[PDB]
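Chains as they are written, first to last, in the entry's author numbering: chain A, 342 to 583; chain B, 1342 to 1583; chain C, 2342 to 2583; chain D, 3342 to 3582. The beta-carbon is built from N, C-alpha and C at its ideal position, and this holds for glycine as well.
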Amino acid sequence: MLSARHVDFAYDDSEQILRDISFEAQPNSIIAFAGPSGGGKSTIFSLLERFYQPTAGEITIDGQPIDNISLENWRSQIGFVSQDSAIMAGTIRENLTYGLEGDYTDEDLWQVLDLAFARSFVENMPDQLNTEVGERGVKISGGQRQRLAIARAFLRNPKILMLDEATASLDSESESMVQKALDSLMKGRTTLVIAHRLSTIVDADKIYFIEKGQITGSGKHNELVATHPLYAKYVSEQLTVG
Amino acid sequence: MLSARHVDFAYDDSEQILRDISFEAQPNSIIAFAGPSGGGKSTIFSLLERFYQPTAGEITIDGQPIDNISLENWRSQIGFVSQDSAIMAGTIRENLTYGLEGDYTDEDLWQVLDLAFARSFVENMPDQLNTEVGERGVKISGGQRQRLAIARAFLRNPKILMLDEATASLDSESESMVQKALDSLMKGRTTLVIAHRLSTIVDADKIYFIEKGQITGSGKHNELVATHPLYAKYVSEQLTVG
Amino acid sequence: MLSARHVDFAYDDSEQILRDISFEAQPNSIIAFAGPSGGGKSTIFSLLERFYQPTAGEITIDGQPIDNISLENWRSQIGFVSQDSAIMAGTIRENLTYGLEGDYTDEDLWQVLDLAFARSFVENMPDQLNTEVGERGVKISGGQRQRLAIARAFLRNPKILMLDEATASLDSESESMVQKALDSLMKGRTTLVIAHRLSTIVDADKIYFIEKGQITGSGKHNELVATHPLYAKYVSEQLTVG
Amino acid sequence: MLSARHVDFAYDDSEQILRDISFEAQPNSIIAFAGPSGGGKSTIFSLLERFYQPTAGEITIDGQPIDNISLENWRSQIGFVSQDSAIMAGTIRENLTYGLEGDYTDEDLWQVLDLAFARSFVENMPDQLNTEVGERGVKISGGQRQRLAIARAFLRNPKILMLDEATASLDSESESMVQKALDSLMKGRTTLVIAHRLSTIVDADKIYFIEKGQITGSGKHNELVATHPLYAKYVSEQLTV
Ligand SMILES: Nc1ncnc2c1ncn2[C@@H]1O[C@H](COP(=O)(O)OP(=O)(O)OP(=O)(O)O)[C@@H](O)[C@H]1O
Ligand SMILES: Nc1ncnc2c1ncn2[C@@H]1O[C@H](COP(=O)(O)OP(=O)(O)OP(=O)(O)O)[C@@H](O)[C@H]1O
Ligand SMILES: Nc1ncnc2c1ncn2[C@@H]1O[C@H](COP(=O)(O)OP(=O)(O)O)[C@@H](O)[C@H]1O
Ligand SMILES: Nc1ncnc2c1ncn2[C@@H]1O[C@H](COP(=O)(O)OP(=O)(O)O)[C@@H](O)[C@H]1O
Ligand SMILES: [Mg+2]
Ligand SMILES: [Mg+2]
């Protein structure tokens, strides 16, 4: 599994960002992380992607410390899919390819677009796979941009997967084909998601409630809601409505 | 109606690809777009398919511009492109189900296979509707493949139908597909073709002859054939069989 | 040595883009490509970038055909630096390595940023080398955005260099820290510019005038201006006052 | 004049880093910004160089905002030196001629080294202005490296001079010509400091105390140390260096 035992972190000297954090996320599972803004949620992903180090306490992968045990070509194991004010500049092929691991066949890309849900909008597309996108190239509706991100993912083929939602779009119940592409992408790996969609929380195989740099809750929704007043109240106030 | 109201277009500054284009398409009227490769036919379709912008003028649906609709009604609901050459494999249910937006019914699916005239190969492979069809088992053939692409169509139910025909005509079962299934598809709505078959043109309710970026003919085949030596040449040499 | 012997090219059937094109780019030298827009100048670069194949000719490097070398190795020997639309998002460590092999650390990033004449202002930036750019992060000017690109180039360290100007801010008489950071990039490399700057040509070791698909002239500026009447037209009109 | 009439800022959105900040920079002199680490000192500088755009209030110059030109701004501004590790420009010319202008002269370069109190260093360097001071030849120990730098700063004769100090390598001589040069540089400009040195704040013309993203002290040192039990605490414990 991907365990994180007793992690501590502070970006600077002002305040402590993360305080003694412990969690686990195993294969063919999804683990959500929820909580107020400024909790430390993004920060876990940052350390997990190795942008920074835990000031104290290890992060292990399958027994071995991720850090400087698996050189920073550890990124081929990880994959991160999120969205906001973005543009992808270039050819679809080009886009699906900074990774020296994937794309060596146009047919392999097609296998990926199928899984990501695109052999339909990439066939009913101009020079097909060889089209320049965006930047005075083609027009792609937001949802398509994301499915193409899920596409690169599929080809990059990560062992661990990390997600995050910013814009409402699919409000948890809104349910869309970008989501069906997520569901496909999550299947063979270890998913970690910073939850903002209510449904995303209910289905999570394990939830970690994060209140200002600390983990309050540690199990399933069902249980947690009866057990935690502050969690339950978070679910009411901010999550669903506020 | 769909009115291509004066459309000037170009990708780069040198080649001014489309000059004053002006076509209008109605219900149950099949319009075609025939011409030498370079004509700009697909380019018309790319602007109909909204991948690009018109430089001068507008394409107007029911008087109200197309550029007064969102990114996801025009594309999926009204914007359609026969899928035929998509080349699919998975399950019969899954190929037919590919990115529609809802949950389905075997009874809705049978309503569409009868309508597509595909109810037999289906009624024979005995996990029928859930059967495997592909690089795995219960193989597929060019004929069947296309009738399902046409059936998908029915599920989507489009108001505007777009085709780009094939320079690949499979003998005999081509009608059981092309001339049955296309027939019923094109039968209730506004159809637009890029004709690479003579069959089409004859039946078309109005042809638009595109030679090097401009339209040179606006009439039915027999009206144009007698009046345009280059059109009759085109149809006798480049669209023709034998 | 980069020699392109007898090249012909067409994307579509509606025009042949390049016709019987031959040229040589030798080391530590600067070759320019001028001529009206449409001559095929961006296309040659695309051909060298291997985005496309010569339909008739043969591009060669040091005696070995570039189609042999294999896609990856080629793209690593080459490097292309152009101007704005090109906004960068992420870090100054991330925008400088992405798609490179490992190591040599922030120290190696300093030396390059020095070669690009960035360093000073880069040190003056918040988390320097760990600074976020784009919408998420900080403000950067056009003049600084590209210097980082010249920097990335120094680091990717090509053998062959390509570039061009598609905007008026560096008129040819308008010289800055950018055009001078470019001059250092041009150093030990086989450079080739699609000239647009009036001076660039007056310095270029060999010029290739391109008119609608063909190389009309080949030699130093002075030489071509007396000998070739039509070159003079490009030089005094399209260039000087448009 | 540089005035920051009411500045509120927040990089993230859950922590209002700066809440109502207001300072007024003035002619030919110094102004300090002492305070603890999480204060927002560097962040004010990061706003003075337009790296980030505020949430409330504008930073005024001679009355007007800063909507002028990223160029005029970057120009009038100044980055200092020591943070400039060792630059292998392998030529005195090149080191002082980093990203600078149109062209410069010898007569000019030295005019500056005489102003940076650095003329003689160079006389003992083979092929004078053309000399290497890198990993490859004529290694300077550091005191001179940082002064050659004030010299660069002396080139564009800026209106606004921004600083940031630390690690007082007490080769007091380094601070002797470092102070003399820095003096010659500050003397006659609108200077803004994030002082980590006592010497600086003692004779600053007005200081500001920044505790947790707010100003809490606003006057000459002689007054602050007597009116603010937390200022004097900061200055004797963490600022002594
Ligand atoms: N670069 C930074 N330097 C210093 N402190 C930072 C930095 N980035 C974030 N922080 C601090 O960490 C806390 C924030 O972020 P985190 O990004 O951990 O929040 P979240 O709670 O994970 O929210 P979100 O996922 O929406 O960003 C903030 O409130 C801020 O004080
Ligand atoms: N993808 C393409 N498909 C078809 N034709 C193209 C394509 N790209 C460029 N062309 C054609 O080649 C000619 C253009 O480009 P090239 O890019 O070769 O021009 P240049 O001579 O480099 O001009 P500029 O850079 O100013 O556009 C144009 O007239 C255009 O019709
Ligand atoms: N990606 C492109 N960039 C520039 N021009 C292009 C591009 N694609 C096609 N064209 C131009 O469009 C015209 C061909 O239009 P197209 O729709 O492909 O023709 P048709 O479908 O009738 O064969 C040609 O002049 C061709 O060079
Ligand atoms: N990049 C950043 N993103 C979010 N917050 C930051 C960032 N950099 C600094 N901060 C916040 O700004 C405050 C410190 O401001 P800063 O200018 O670094 O202080 P000082 O200059 O006094 O050391 C802290 O609360 C810190 O969390
Ligand atoms: Mg084409
Ligand atoms: Mg700081």
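Listed by chain order, chain C residues near residue i by CB distance under 8 Å
i, result
"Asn414/A", "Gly2443"
"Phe3392/D", "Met2466, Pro2467, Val2479 and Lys2480"
Cβ of residue i within 9 Å of any chain A Cβ
i, result
"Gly3376/D", "no"
"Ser1383/B", "yes"
"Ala1373/B", "no"
"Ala1397/B", "no"
Any chain D beta carbon closer than 9 Å to residue i
i, result
"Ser355/A", "yes"
"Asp2455/C", "yes"
"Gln2452/C", "yes"
Chain-ordered chain D contacts of residue i [CB-CB under 9 Å]
i, result
"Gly379/A", "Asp3353, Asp3354, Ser3355 and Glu3356"
Per-residue burial, residue i [other beta carbons within 10 Å of its own, 16 or more giving buried]
i, result
"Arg2488/C", "buried"
"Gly2478/C", "buried"
"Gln2485/C", "buried"
"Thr1568/B", "exposed"
"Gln2367/C", "exposed"
"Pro570/A", "exposed"
"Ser1411/B", "exposed"
"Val2582/C", "exposed"
"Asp2444/C", "exposed"
"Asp455/A", "buried"
"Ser3510/D", "exposed"
"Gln1520/B", "exposed"
"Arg3530/D", "buried"
From the options, residue whose alpha carbon lies closest to that of residue i
i, options, result
"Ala2345/C", "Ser2378/C, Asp2408/C, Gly2440/C and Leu2456/C", "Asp2408/C"
"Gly558/A", "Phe364/A, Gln357/A and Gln394/A", "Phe364/A"
"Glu3356/D", "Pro3406/D, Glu3564/D and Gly3381/D", "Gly3381/D"
"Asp1361/B", "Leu1441/B, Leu1533/B and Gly1398/B", "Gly1398/B"
"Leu1526/B", "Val1566/B, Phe1458/B and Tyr1572/B", "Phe1458/B"
"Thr396/A", "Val576/A, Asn498/A and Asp349/A", "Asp349/A"
"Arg497/A", "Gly379/A, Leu450/A, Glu464/A and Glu442/A", "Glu442/A"
"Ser3515/D", "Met3503/D, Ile3481/D and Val3543/D", "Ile3481/D"
"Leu2523/C", "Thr2531/C, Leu2454/C and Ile2491/C", "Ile2491/C"
"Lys3528/D", "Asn3563/D, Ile3501/D and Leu3511/D", "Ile3501/D"
"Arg1416/B", "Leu1511/B, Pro1499/B and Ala1573/B", "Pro1499/B"
"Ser517/A", "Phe421/A, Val576/A and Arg538/A", "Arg538/A"
"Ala2545/C", "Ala2373/C, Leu2343/C and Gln2405/C", "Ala2373/C"
"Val3566/D", "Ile3358/D, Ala3375/D, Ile3371/D and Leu3359/D", "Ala3375/D"
"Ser3577/D", "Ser3540/D, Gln3555/D, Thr3532/D and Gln3469/D", "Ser3540/D"
"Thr3532/D", "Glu3413/D, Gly3404/D, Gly3420/D and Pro3406/D", "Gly3420/D"
Closer than 9 Å to chain C by CB, residue i
i, result
"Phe3350/D", "no"
"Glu476/A", "yes"
"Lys1553/B", "yes"
"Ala490/A", "no"
"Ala430/A", "yes"
Residues that residue i contacts on chain C, provided the C-beta gap is smaller than 7 Å
i, result
"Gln3424/D", "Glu2464"
"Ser3411/D", "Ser2482"
Neighbour list for residue i in chain D, Cβ cutoff strictly below 8 Å
i, result
"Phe2458/C", "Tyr3439 and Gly3440"
Partner residues on chain C for residue i, Cβ-Cβ distance less than 9 Å
i, result
"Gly3420/D", "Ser2461, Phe2462, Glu2464 and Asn2465"
Beta-carbon neighbours of residue i, restricted to chain D and to distances below 7 Å
i, result
"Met2518/C", "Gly3440"
Residues that residue i contacts on chain A, provided the C-beta gap is smaller than 7 Å
i, result
"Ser1387/B", "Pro467"
"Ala1573/B", "Here the premise fails: no neighbours, minimum Cβ distance about 31 Å."
Minimum Cβ-Cβ distance from residue i to chain B less than 9 Å
i, result
"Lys521/A", "yes"
>> Give the residues whose C-beta lies closer than 5 Å to at least one heavy atom of ligand 4, in chain order.
In response: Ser355/A, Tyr3352/D, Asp3353/D, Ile3358/D, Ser3378/D, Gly3379/D, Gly3380/D, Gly3381/D, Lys3382/D, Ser3383/D and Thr3384/D
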